[PDB]
Each structure stands twice: as structure tokens, then as C-alpha cells.
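Chemist:
Protein chains: 2
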Amino acid sequence: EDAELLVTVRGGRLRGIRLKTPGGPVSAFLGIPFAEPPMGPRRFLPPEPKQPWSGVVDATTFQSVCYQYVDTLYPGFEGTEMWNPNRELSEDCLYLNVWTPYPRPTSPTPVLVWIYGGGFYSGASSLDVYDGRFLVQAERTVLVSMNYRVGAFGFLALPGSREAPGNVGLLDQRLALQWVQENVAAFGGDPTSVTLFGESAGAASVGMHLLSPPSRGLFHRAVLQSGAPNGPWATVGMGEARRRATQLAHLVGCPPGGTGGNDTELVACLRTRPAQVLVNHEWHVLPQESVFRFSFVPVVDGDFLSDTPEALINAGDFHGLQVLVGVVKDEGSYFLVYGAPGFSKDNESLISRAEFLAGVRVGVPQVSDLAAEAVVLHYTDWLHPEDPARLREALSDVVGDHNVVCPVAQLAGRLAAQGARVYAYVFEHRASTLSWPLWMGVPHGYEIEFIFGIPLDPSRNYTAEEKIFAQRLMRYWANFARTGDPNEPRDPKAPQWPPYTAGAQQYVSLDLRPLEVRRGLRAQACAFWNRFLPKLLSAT
Amino acid sequence: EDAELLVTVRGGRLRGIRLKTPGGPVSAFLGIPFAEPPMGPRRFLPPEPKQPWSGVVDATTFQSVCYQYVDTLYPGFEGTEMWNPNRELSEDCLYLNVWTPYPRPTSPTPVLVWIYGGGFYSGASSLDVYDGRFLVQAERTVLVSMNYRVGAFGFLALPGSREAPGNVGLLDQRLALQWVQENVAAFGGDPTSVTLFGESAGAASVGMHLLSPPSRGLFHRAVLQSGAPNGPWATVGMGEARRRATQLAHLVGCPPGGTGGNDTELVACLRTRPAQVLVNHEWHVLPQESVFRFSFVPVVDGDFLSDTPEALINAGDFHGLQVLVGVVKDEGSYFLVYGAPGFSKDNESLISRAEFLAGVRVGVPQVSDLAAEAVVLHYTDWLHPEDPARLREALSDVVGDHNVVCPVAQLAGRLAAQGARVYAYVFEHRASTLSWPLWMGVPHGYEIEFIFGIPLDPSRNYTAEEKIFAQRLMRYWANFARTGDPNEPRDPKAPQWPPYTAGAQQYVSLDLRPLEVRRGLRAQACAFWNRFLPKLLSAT
Ligand SMILES: O/N=C/c1cc[n+](C[n+]2ccc(/C=N/O)cc2)cc1
Ligand SMILES: *[C@](C)(O)CCC[N+](C)(C)C
Ligand SMILES: *[C@](C)(O)CCC[N+](C)(C)C
Numbered sequence: 004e005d006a007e008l009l010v011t012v013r014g015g016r017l018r019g020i021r022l023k024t025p026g027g028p029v030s031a032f033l034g035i036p037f038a039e040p041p042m043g044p045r046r047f048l049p050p051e052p053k054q055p056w057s058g059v060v061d062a063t064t065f066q067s068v069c070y071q072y073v074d075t076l077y078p079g080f081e082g083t084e085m086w087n088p089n090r091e092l093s094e095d096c097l098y099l100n101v102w103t104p105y106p107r108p109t110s111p112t113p114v115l116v117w118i119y120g121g122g123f124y125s126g127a128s129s130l131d132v133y134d135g136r137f138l139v140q141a142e143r144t145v146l147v148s149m150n151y152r153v154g155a156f157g158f159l160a161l162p163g164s165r166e167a168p169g170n171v172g173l174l175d176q177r178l179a180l181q182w183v184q185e186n187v188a189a190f191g192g193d194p195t196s197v198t199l200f201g202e203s204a205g206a207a208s209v210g211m212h213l214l215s216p217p218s219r220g221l222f223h224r225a226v227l228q229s230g231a232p233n234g235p236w237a238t239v240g241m242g243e244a245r246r247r248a249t250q251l252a253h254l255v256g257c258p259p260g261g262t263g264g265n266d267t268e269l270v271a272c273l274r275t276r277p278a279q280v281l282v283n284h285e286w287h288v289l290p291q292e293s294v295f296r297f298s299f300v301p302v303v304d305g306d307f308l309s310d311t312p313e314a315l316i317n318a319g320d321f322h323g324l325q326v327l328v329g330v331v332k333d334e335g336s337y338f339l340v341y342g343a344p345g346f347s348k349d350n351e352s353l354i355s356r357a358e359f360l361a362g363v364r365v366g367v368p369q370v371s372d373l374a375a376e377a378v379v380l381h382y383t384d385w386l387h388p389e390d391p392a393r394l395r396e397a398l399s400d401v402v403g404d405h406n407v408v409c410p411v412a413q414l415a416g417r418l419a420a421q422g423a424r425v426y427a428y429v430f431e432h433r434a435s436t437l438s439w440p441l442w443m444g445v446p447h448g449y450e451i452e453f454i455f456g457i458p459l460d461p462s463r464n465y466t467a468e469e470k471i472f473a474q475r476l477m478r479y480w481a482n483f484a485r486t487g488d489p490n491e492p493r494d495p496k497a498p499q500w501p502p503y504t505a506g507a508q509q510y511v512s513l514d515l516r517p518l519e520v521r522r523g524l525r526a527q528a529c530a531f532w533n534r535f536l537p538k539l540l541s542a543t
Numbered sequence: 004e005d006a007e008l009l010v011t012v013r014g015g016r017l018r019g020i021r022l023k024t025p026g027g028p029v030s031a032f033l034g035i036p037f038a039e040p041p042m043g044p045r046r047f048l049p050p051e052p053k054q055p056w057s058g059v060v061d062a063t064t065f066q067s068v069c070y071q072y073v074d075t076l077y078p079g080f081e082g083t084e085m086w087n088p089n090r091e092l093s094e095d096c097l098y099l100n101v102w103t104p105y106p107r108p109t110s111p112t113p114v115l116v117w118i119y120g121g122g123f124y125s126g127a128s129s130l131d132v133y134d135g136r137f138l139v140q141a142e143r144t145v146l147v148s149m150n151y152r153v154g155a156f157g158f159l160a161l162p163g164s165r166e167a168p169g170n171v172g173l174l175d176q177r178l179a180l181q182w183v184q185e186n187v188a189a190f191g192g193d194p195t196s197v198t199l200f201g202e203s204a205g206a207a208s209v210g211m212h213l214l215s216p217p218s219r220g221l222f223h224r225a226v227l228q229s230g231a232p233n234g235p236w237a238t239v240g241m242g243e244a245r246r247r248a249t250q251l252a253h254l255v256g257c258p259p260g261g262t263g264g265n266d267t268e269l270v271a272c273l274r275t276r277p278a279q280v281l282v283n284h285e286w287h288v289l290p291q292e293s294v295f296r297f298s299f300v301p302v303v304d305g306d307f308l309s310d311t312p313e314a315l316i317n318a319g320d321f322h323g324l325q326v327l328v329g330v331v332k333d334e335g336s337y338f339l340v341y342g343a344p345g346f347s348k349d350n351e352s353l354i355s356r357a358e359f360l361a362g363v364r365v366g367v368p369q370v371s372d373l374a375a376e377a378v379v380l381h382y383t384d385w386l387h388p389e390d391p392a393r394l395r396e397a398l399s400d401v402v403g404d405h406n407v408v409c410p411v412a413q414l415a416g417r418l419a420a421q422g423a424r425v426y427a428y429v430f431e432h433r434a435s436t437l438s439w440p441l442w443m444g445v446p447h448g449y450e451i452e453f454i455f456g457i458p459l460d461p462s463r464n465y466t467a468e469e470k471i472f473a474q475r476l477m478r479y480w481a482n483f484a485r486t487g488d489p490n491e492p493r494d495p496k497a498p499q500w501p502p503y504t505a506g507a508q509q510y511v512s513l514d515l516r517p518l519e520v521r522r523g524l525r526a527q528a529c530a531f532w533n534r535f536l537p538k539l540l541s542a543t
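Chains B and A supply the protein sequences, listed in that same order.
One point on numbering: in PDB author numbering, the residue at position 290 of the first sequence is 293, and numbering is uninterrupted.
One point on numbering: in PDB author numbering, the residue at position 153 of the second sequence is 156, and numbering is uninterrupted.
Now the structure itself:
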């Protein structure tokens, strides 16, 4: 009988399970309840801490996935099914998972907390690509991941009211962080060295916890991968959030014909509807045809976010704080097959000049015709203005820069210039197991396999070079979690990773080649997005 | 009294002079009166043809230069003194010069007609760099060059009135072209093969004769050198011309107010003032502080120019026509020492960013602050935004693109795509005798000495390669005048000069190295000027 598989926390006792890796076993505790089930009258409300239980709760398998839209654009396609839920859907989903080395570390170990992405409408901590058994075995750290409510169940906001205040999905993450502060020591983790890291909407979530005082004291380092809280998709206004929430209620028969429409009776009608009914009309509340836009996202409400993320980043002090930001090579190619005209994953997507002009309005929604004209000017090779391959490559850069690269570069510049020591990277390796077409390059979200050491899985057809490449990245992320510096402390031989500053703007490229230092996070393109375009919209 | 130094034209007899070149003698006729002196009551009026004379008019020396401002920015400096008048100033200046080979050609020879530049306010056909003795001797061509009225005496316009119609300086050029049609045969020239070529304001003049029906029938080919009629400095509106003419009259005490008032009394007062008095106040009528802007320029009057140059270029049929357009490598550096803050020819002109932002308002006058912001965005290296050396080259590119490179590319594109066969070049050789500082590169106007074979002058200290480079350029311009094609009619070993089309946009680089074909006359920069910026000013 293994004795390290039974741990007592503040709520009660748990029974873990031993997982095998090619390098050794790891103890895992999957499915720990950190909150009461937010069902019935608790729907749309902030989470309550899990009451203590009797007996031993089985923590040997992942729990249910929160209710969310299921992608059916390409049924049976690996590139999309790998992000779909792998457990049953249920509103009873507020559970977290803890991986710890075997034997348990006798000394406090830094903790890595993972927040998944999925446009705030999907995602789960049980995805095979988020398996933290390889990162914990190789680097001997403590990895924690939680489930937070997505979609309307986590971000439907009627601002002002108390039945649906909004940002409760962010409160699910915060309550999970307080859980780590109160119980990670029982697994050998150091609550004084907590490193958040997420991707896409999870990276924006990490950024929003960085701008919220209550969540600020629950962690010490941050890693934002292909996402930022100041992105044009990450937040929404109080007025737009009320319109989307009321639009969703109307599509499901709320309120009934002849009944008033105040916030109390509107949420009361929404709480009676089945969960799947709300999901079926989630995308029907978006205002326009667009890519990289999602219905229910965090709302600027003055509570969790006292002001807009851009305002909080500008007027913030980030001294004594380390951040690791970065993007992939092709941030926008993934979203073009979700609405952009002429784009298909099954051909070369050699779009025409007319389709490229239509895609700009889809990639950059709610901009004046003059503003769209400026985007066409900057992203047109006027020496080959009709080349389909260049127009395809340009529209991918339009969506990538507007939503990811430039919001991230804006964040990294203000962080470094205001007390924070930040490190920047660009992931440029295309995996050999990638099922997406070649023209997509390195799509949004396909560095997570190497960060979690997935190539080390013997049942997968990765190459020997990619396995070594995965161990490098796991060492980088672990060194940042341990010392706040991705460079090996006992190593002057390997190429150095210089910090990112507002002036030099240095970053490194991550691929099979050794580290290469470059400058400028698309500075020429992002000067248009971060400087000129705001002024162009002010003058209408 | 050689037999070939006495020629009878329709007006009378002329005695020429025999000039000497290192390769042979050339007959020249300098100072032929082609119009009555525009003095007294003839000031501001269109020219009248020269009446027949008795006896023999001495045509052995250059005649008087038209009254013009004399540059005194750098007294004693060769770079500026070379363009200043080298003869006595006088309103009696409407004279032309003819160079013809010795012995006189027995068969009709193509004719080259030179129109000097000088911002429509200065210039003369007697300048040493315009000596046509080397081009005529080497290529056996007939070179003609005339003087036209510049400044207020040639372009002061009170639109509507008959006393000051405007564009009379252009009418001086047209009357000289009718003179070539009626007399160039007496020198061995072919009146059916006339090639206009000019630089800066002369190149713009060549372009305006292409857009005027009465002038089109007087020539068959055109060469525009670092200038275009659609330039933002080459024309003014009828309302602005009236304001500038009235302000000039006010500064010289016209009318003796409150005498009044209409155009007839205003011009009558201006005709009584000495010529030097009008020149002393020419620059005091400009609306703003700017570079590359001139007081009295051609006016869109509806007679000589039925519409704006931009409109006439778009709606024009140019079939059966060959042009040779081109620019120098550094078009804007010359004008920066004339008013941009921080710029001086005696230091490195390492300007700061504050001076760069101030120079943008001087280089691009009368634009909105939003339009200026767009210019700063395109011409800023956002990785080195404060590098003085990069800010210096950026402001030079701003002035060069706004005034020369992009107006030329705009004209060259519409010309090729509407019937005309276009050849484009970029002059990239810096003369070893150049007295301007090094940071100016190849300044505006310093390809003319190589086109005229000035390096062949033994009294000048050119290099051996520059002499061969001059002979190769003279063959280019001569071949274009003879056949409409700069390439040698039979030589296959020399690299080919491909035409310029709106799609491929091919041009060649002119320097000591052989011909090198490139693509794009700064297509990225000129798309901002020719496409986006017009729409940015429509929505103020
Ligand atoms: O037959 N109609 C199917 C269909 C219904 C609803 N949607 C909404 N939708 C937009 C974007 C995305 C992906 N975002 O990254 C996912 C889902 C798409 C397709
Ligand atoms: C991001 C906006 O959350 C998008 C994430 C999409 N996956 C496929 C990477 C989860
Ligand atoms: C052009 C606008 O005419 C300027 C010509 C200046 N020089 C020095 C070349 C005559």
C-alpha cells in the first residue's frame, strides 16, 4: 500500500493515483472539489468554498467538464477534437487537479498553476495536452490546474444587479488560488512561490489577476502565452454585456410574454432553463460576423476590474514581479477558417483581392471604412497587391497582430518600464504531428504540447529532436518558476535569454536551433495598432 | 567668318561662334531673340513673336537672364552659386540658344530642347552645367535651350483679367517650341523629331506641355527629370494665386490705397514698380513656413490647363508617345537646409525627435495634425525612434517622396497604363566634385552635369570612370531622342533597359556599375501618399 497517495487537506481526506512516465512515477490527485456545485439558484453567482466532507473523496480520475459549446466545424479532425471536452458536461464542474513528484518533496517546492484557454467559452483542465505528469517528473515541481465556468455560466453579466454580477469565472480561478495557498503544503508545495501560467483566454486571465488587488496576493510570478488582458476580445463594456445577456434571455423565452424585464426576473427565468438551451444560443448574441470574438467575456465592472485593463496597466506599479510573455509564429491562421471568406483547411486558401478586403472587415470588426482602409494600406504588398499567397499571409498577420501580438507587446513594454522584469519569446517550431494544413504554420495554441512534455509520451510519434526540445522548454518554464529567471543559474555555456525592455525590446526564438536573440516584437506593425489606430478612431 | 557660322532664319540673319571640345568643334548660336522684350506695358502679358530684323544679329554670347531672386544662403559656396545667374539680370531675356554639330548635318537630325528648373522662380539657360557643346559633339544632335520668365514676371496670375492671365512663362516656352518648328531646319534639325527634356520645374513644365493641346503638336517625346506636373508644388488654385498677387501688390504699395481696387488698377500699379522691387518681396507672400514651396507657379486657369494636372493625367490618351522619367537617390536632402530646424550643410545634421516632428510640419505644409501623425508613423523606425541619423534620412525621404518620387511614380503609372511607353531610372552616383556634405547623398539636381557631358571638360577634376559614365548617359538620352528607346538599337552585350509598366514597375539604377533592373519606385511609401493620405484629408 502506497502511503503517499492519501493526503488530508482542510476539507477532508483524498485518495490519489500513481501515474507512470518513461522516467519515473508521479503522484496525482485529480478531481478535488474546491467549491460548492454552482447549480440551481447558485447559477451565475460567485462560488462558495467547498464545505468539509466525511470519509475519503476519490481523486483518481478527472471530474466533469463545465458546460460549453462543442466545436463541430470539422468532425473527427484531430486539430479540433483535441480541444473538445473529454469528460461529461455538467454545471457541477468546479474541481481542480494536483500533480506532485514521487517521492513527495521533503522541502517546499515551487508551484505552477495552469489556467486553460478557449475564448472564455470552452476549455477544460483534463485535456490530454494539459497532462502535467511529464513536467512534474522531469523538473520535480508541483503543478495545479482548475476548472472555471465558461460561457454564460461564467461570464454572463447584468451589471449592477447581484443575481448576475459577472466575472464569476474569474472568481472560480481566484477561489482555486486561495485553495492552493491553504492546501498545497500538504502536497509538498511552497505557497510562497506560486507561478501562474496560461494560454489564450488563460493568459488574459493571468493578466486580469495581475490587475486585481485581491488576486494579487495569491501568486508571485506570471506567464502569459499568446494572450493579454488588454486584447480587444478579452473584455467587454457594461452596456454591451447587458445587451448580450438580454439578447440571450430573449432567444430562450425570457421573460415570458407580458412579464416585466427587470434584472431579478430575467435571471430568475434564465436559472430555470436547461444548461444546453443556453449553450445553443451562445453565438447568436454576437453583433457582427467576426473571428476572434466571443459572446461572454470578462466585463469591466469596477469590482474585479476597477477600470479597463489598458488603464490599469498604464497606472500600475509592478516592481518585484517577473513575467514571461510570448507568442507563436502564426497567431491568426487558426481563426481564419472560422468565418473569413475563401479560407478552408482542406485547400491552400489562395484568397483573392476581394476576399482579402472582406476578411479585413471580419478580422477587424467595428471599425470605420477609413480605419479599415489604413489596415489594407499597412498589410498590402503594393509590389504584388494581387498575389493570393501574400494576401493569405497578410490576413493572418492582421488577425494575429490585432488580437495577440500587439496587445502582448503593449503589455510587455509597460510592465518592463514600470518595475517588472519580463522575458519575451516567439515560438517558431511547427510540430511534426500537426494535423493542420501547412500554410497555417505554427498556429495559435500549438506550443502547449512541448511545454507540458507531451512529446515524451511513448505512444506518440514525435521525433527525438522534439523530445529534447520539449525538455529545454520544460527547463525554461521551471527555472522561471524557481528563480524568476529562465536562464540556468549554474550555466554560462548555454546562450543567454536577455530580459525584455521598452528600449532594446529583445526576445528569443524557440525552435530546434539554439536560442537566438532578436529585437522588435513586430514594432512597425504594432505601432499602427497601438499608436495610430486609436487616434484614427477618435477623429472618426 | 566661316560658312557654317552664318545662318538665315525667318526673322533675319545670325552669326554664330565655333566652340571647342576635346573631341571636335561645334557650332553654337547663343542669344537668338524669339520674342519681343516683355517690358513696360508688356509685363505680365503673353509673349509676342519677334519681329523681323535688319542686318546680322550677333549670336556669339549668351543674353541676359530673366529677373529672379539670387540665392544668398551660402555666399561663395559652389553648391549654391552654380545655380545663380551668370549674366546681367534684365526683363529683356526671351532668348534661345542652338548648338549644332560641325560640319552641319546634311540630313535631318533629331532635336533636344532643354527647359531648366529652379522652382519657377529662378534658373537660366546660360548656366555652365547646361552647356550643350559636349552632348552635341559626342552624339551629333541638335540641342536647343530657351529662357522663360520666372517668378512674378512669369507666373503672377490675377485669374479672369486680361492684364495678368498667368502662366506666361509657360507661353514663353511654347513660343520657343513654335520657333523650333519654324527654324530648326536651318541648323540641320528635324522638326518631326523633337524631344523635350527638363529637370525639377523644367520637368514639371515638360509635363504640362504634355497636358496642353496647343503644345502637344510641337514635340514628340518627353523626358521628366526629378519633377512632374502633378507635384504638390507645381500648381496653385485660382483663389490662392489671386491672394498671392494681391499680397505682393500690397507689399510694394499697390494700389495707393484706398485708390482701388480691381485687377486693371492693380496690374497698372505693378507695372510701374522697378523689377527688383517685386523680387525683394517674392518670398513674403507664401502662406506658411515650408520647404519645396514657391510663390508664383503655374495656375490652373482653364486655358493652358483645362483642369488640374491630376485630372488631365487620369483622363488622357497617351498612345504613340514615349517618356523617360526618373529621380535621384536623395531628392529631399537639398531642401532641408532651407528651413528645417536643426539642419545645416556645415555639420552632420543629427537632428533630435523634437526637430524631426517640427520638420514634418515644414516639409508637409498645410495638413491636419492627424495627417502629420500618419506621416510620422510611416517614416519612423519604431525600434530606433530617436536615432538622429535615421531621423535625418527619414525627413529627407519625407520631402523627397511628397514632392518628387511619388508624384513621378503616379504619373509614370498612369502614363504606361494609358498608351505611352515609359522608361524609369534612379540616379545613384555621387559626383566626386560634389561640394555638398556627405549626408546629403545624391542631391536633387546633380545628375544634370552627367547628362550634358560636363565631366568631359578637361578643366574640371572628374575621374576617368565618371567620364565614361557621362558618355554612357549621353548615349541613353540620345538613343531615346532618335528612336524612342534608350537601349542601343543593335548592341546585345549591354544590359537591356526594360520599359516601365503599371504592374511590374521595372526601372534601372544609373551609376558606375552596369545597368541593374529593380522593381518599385518606393511602392510602399508612395501608396501612403498617392492613395491613403488623400482619403485622410477628405475626412478631416
Ligand atoms: O452551421 N453553423 C455552425 C456554427 C455555429 C456557430 N458558430 C459560432 N462559432 C464561431 C467561432 C468559433 C470558433 N472560434 O475560435 C466557434 C463557433 C460557428 C459555426
Ligand atoms: C483563446 C482565445 O482562448 C483561443 C484558445 C483556442 N484553443 C484551441 C487554443 C483552446
Ligand atoms: C526644382 C523645383 O526646380 C528645383 C531646382 C533647383 N536647382 C538647384 C536644381 C535648380
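Yeah, the Cβ is synthetic: ideal placement off N, Cα and C, and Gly gets one too.
Closer than 7 Å to a non-hydrogen atom of ligand 3 - does that hold for the CB of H447(A)?
Modeler: For the purposes of this step, residue 447(A) is identified with residue 444 of the second sequence, where counting begins at 1. Yes; taking the cut-off as 7 Å, the Cβ of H447(A) has a heavy atom of ligand 3 nearer than that.
Chemist: Could you check how far apart the C-beta atoms of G191(B) and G230(B) are, in whole angstroms? I think they sit under 8 Å.
Modeler: As a working note, residue 191(B) is residue 188 in the first sequence. As a working note, residue 230(B) is residue 227 in the first sequence. At roughly 30 Å, the Cβ-Cβ gap does not stay under 8 Å, so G191(B) and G230(B) are not in contact.
Chemist: How about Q181(B): is its C-beta nearer than 8 Å to some C-beta of chain A?
Modeler: For the purposes of this step, residue 181(B) is taken as the residue at position 178 of the first sequence. Not closer than 8 Å to any Cβ of chain A, the Cβ of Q181(B) fails to qualify, so no.
Chemist: Starting from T103(B) and walking both ways along the beta strand (DSSP E), at which residues does that stretch end?
Modeler: By one-based count along the first sequence, residue 103(B) stands at place 100. Where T103(B) is concerned, the enclosing beta strand (DSSP E) stretches over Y98 to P104.
Chemist: With 8 Å set as the bound, which would you pick, yes or no: does the beta-carbon of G403(A) sit closer than that to a beta-carbon of chain B?
Modeler: Numbered from 1 along the second sequence, position 400 holds the residue referred to as residue 403(A). So, not an interface residue.
Chemist: Would the region 528 to 543 of chain A and the region 450 to 462 of chain A be scored as touching if the rule is three or more Cβ pairs under 8 Å?
Modeler: No: fewer than three Cβ pairs fall under 8 Å.
Chemist: Which residues of the region 348 to 367 of chain A have a Cβ closer than 7 Å to any Cβ of chain B? Give them in chain order.
Modeler: So nothing in the stretch comes that close.
Chemist: For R521(B), name the three-state secondary structure that DSSP assigns.
Modeler: To locate residue 521(B), count along the first sequence from 1; it is residue 518. Residue state, collapsed to three classes: strand.
Chemist: State the Cα-Cα distance for the pair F307(B) and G220(B), rounded to the nearest angstrom.
Modeler: Taking the first sequence and counting its residues from 1, one reaches residue 307(B) at position 304. Taking the first sequence and counting its residues from 1, one reaches residue 220(B) at position 217. Going by the C-alpha atoms only, they are around 14 Å apart.
Chemist: Along chain B, which residues have their Cβ under 8 Å away from the Cβ of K538(A)?
Modeler: Position 535 of the second sequence holds residue 538(A). The answer, in chain order, is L373 and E376.
Chemist: Taking any Cβ of chain B, which residues in the region 385 to 398 of chain A have a Cβ under 7 Å from it, in chain order?
Modeler: So the close ones are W385 and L386.
Chemist: Which one or two residues does DSSP pair with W117(A) in a beta bridge?
Modeler: To locate residue 117(A), count along the second sequence from 1; it is residue 114. In DSSP, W117(A) forms a bridge with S148(A) and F200(A).
Chemist: In this structure, how does DSSP classify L269(A) when only helix, strand and coil are distinguished?
Modeler: By 1-based counting over the second sequence, the position of residue 269(A) is 266. The answer is helix: DSSP assigns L269(A) an H, G or I state.
Chemist: Give a yes or no on whether 8 Å exceeds the smallest Cβ distance from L414(B) to chain A.
Modeler: Position 411 of the first sequence, counted from the start, is the residue given in the question as residue 414(B). So, not an interface residue.
Chemist: Determine whether the beta carbon atoms of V401(A) and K332(A) lie at a separation below 8 Å.
Modeler: Here residue 401(A) refers to the residue found at position 398 when the second sequence is read from its first residue. Here residue 332(A) refers to the residue found at position 329 when the second sequence is read from its first residue. Contact: no.
Chemist: Looking at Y382(B) and ligand 1, is the gap between the Cβ and the nearest heavy atom below 7 Å?
Modeler: Within the first sequence, residue 382(B) is the residue found at index 379, counting from 1. It does not: the Cβ of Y382(B) is nowhere closer than 7 Å to a heavy atom of ligand 1.
Chemist: Please state whether the Cβ-Cβ distance between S125(B) and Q71(B) is less than 8 Å.
Modeler: The residue given as residue 125(B) occupies position 122 in the first sequence. The residue given as residue 71(B) occupies position 68 in the first sequence. Cβ distance < 8 Å, so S125(B) and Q71(B) count as in contact.
Chemist: Between the alpha carbons of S399(B) and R247(A), how many angstroms are there, rounded?
Modeler: In the first sequence, counting from the first residue as 1, residue 399(B) sits at position 396. In the second sequence, counting from the first residue as 1, residue 247(A) sits at position 244. Going by the C-alpha atoms only, they are around 52 Å apart.
Chemist: Using a cut-off of 7 Å between C-beta atoms, extract the partners of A526(A) located in chain B.
Modeler: Locating residue 526(A) in the second sequence gives position 523, counting from the first residue. Those within 7 Å of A526(A) in chain B are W385 and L386.
Chemist: Determine, using beta carbons only, whether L8(A) and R18(A) come nearer to each other than 8 Å.
Modeler: By one-based count along the second sequence, residue 8(A) stands at place 5. By one-based count along the second sequence, residue 18(A) stands at place 15. Yes, Cβ-Cβ distance for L8(A) and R18(A) is below 8 Å.
Chemist: I'd like to know whether the C-beta of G523(B) is nearer than 8 Å to at least one C-beta of chain A.
Modeler: The residue labelled residue 523(B) in the question sits at position 520 within the first sequence. Taking Cβ atoms only, chain A reaches closer than 8 Å to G523(B), which makes this a yes.
Chemist: Any beta-carbon of chain B closer than 8 Å to the one on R417(A)?
Modeler: Indexing the second sequence from 1 puts residue 417(A) at position 414. No, its Cβ sits nowhere closer than 8 Å to a Cβ of chain B.
Chemist: Pull every residue with its beta-carbon under 5 Å away from any heavy atom of ligand 1, and keep them in chain order.
Modeler: Answer in sequence order: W286(B) and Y341(B).
Chemist: What residue from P168(A), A484(A) and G523(A) has the CA that sits closest to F200(A)'s CA?
Modeler: For this step, residue 200(A) is matched to residue 197 along the second sequence. Ranking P168(A), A484(A) and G523(A) by Cα distance to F200(A) puts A484(A) first.
Chemist: Can you give me the Cβ contacts of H212(B) inside the same chain, cut-off strictly under 6 Å, excluding the 5 residues immediately before and after it?
Modeler: Walking along the first sequence from the start, residue 212(B) turns up at place 209. Closer than 6 Å at the Cβ level, and outside the excluded window around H212(B), lie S218.
Chemist: Please find out if some non-hydrogen atom of ligand 2 comes closer than 7 Å to the beta-carbon of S399(B).
Modeler: Position 396 of the first sequence holds residue 399(B). False, no ligand heavy atom lies under 7 Å from that Cβ.
Chemist: Between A427(A) and chain B, is the shortest Cβ-Cβ distance under 8 Å, so that the two count as touching?
Modeler: Sequence index remark: in the second sequence, residue 427(A) carries index 424 (1-based). Not an interface residue.
Chemist: Mapping the DSSP letters down to three states, classify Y503(B) as helix, strand or coil.
Modeler: Here residue 503(B) refers to the residue found at position 500 of the first sequence. In this structure, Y503(B) counts as strand in the three-state DSSP scheme.
Chemist: Here's the rule I'm using: 16 or more other beta-carbon atoms within 10 Å means buried, otherwise exposed. How should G58(A) be labelled?
Modeler: Within the second sequence, the letter at position 55 stands for residue 58(A). By the neighbour-count rule (16 or more Cβ atoms within 10 Å), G58(A) is not buried but exposed.
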